[PDB]
Amino acid sequence: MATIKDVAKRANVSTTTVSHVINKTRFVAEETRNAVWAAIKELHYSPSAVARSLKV
């Protein structure tokens, strides 16, 4: 599915890894960082918006 759930697994393991990157707290290696951003786009992650993500 195009959710953070699937993305987290494809990226590394759990949503924790994704949170670390986005929140920019536990600075992971560029490998994990890139994997997260890549997975997010690859799975076409839909933040409660199948259309897209812009405006308000």
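In what follows, the accompanying structure is described.

What about unusual backbone geometry?
So, step 1. Positive phi is not limited to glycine here, since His44 has a value of about 55°.
So, step 2. Its place among the elements puts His44 in the segment after helix 3 (30–42).
So, step 3. Residue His44 is classed as exposed on the basis of its relative accessible area, which comes to 62%.
So, step 4. If you check the backbone angles, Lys55 has positive phi at about 60° while not being a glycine.
So, step 5. Tracing the backbone shows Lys55 in the segment after helix 3.

A few points about the nonpolar core
So, step 1. With nine residues, the main nonpolar core is built from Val7, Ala8, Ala11, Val18, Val21, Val28, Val36, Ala39 and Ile40.
So, step 2. Of all the elements in the fold, those that place two or more residues in this core are helix 1 (4–11), helix 2 (15–23) and helix 3.
So, step 3. In this structure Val21 touches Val28, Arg33, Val36 and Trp37, once residues within four positions along its chain are discounted.

What counts and how
Residues numbered from 1 in each chain as written, not as in the entry; some residues may be left out. Heavy atoms only, no water. Helix = DSSP H or I, 4+ residues; strand = E, 2+ residues; numbered from the N terminus. Buried < 20%, exposed > 50% of the residue type's maximum accessible area, 1.4 Å probe, protein only. Core = buried A, V, L, I, M, F, W, Y, C linked by side-chain atoms within 4.5 Å. Contact = heavy atoms within 4.5 Å.

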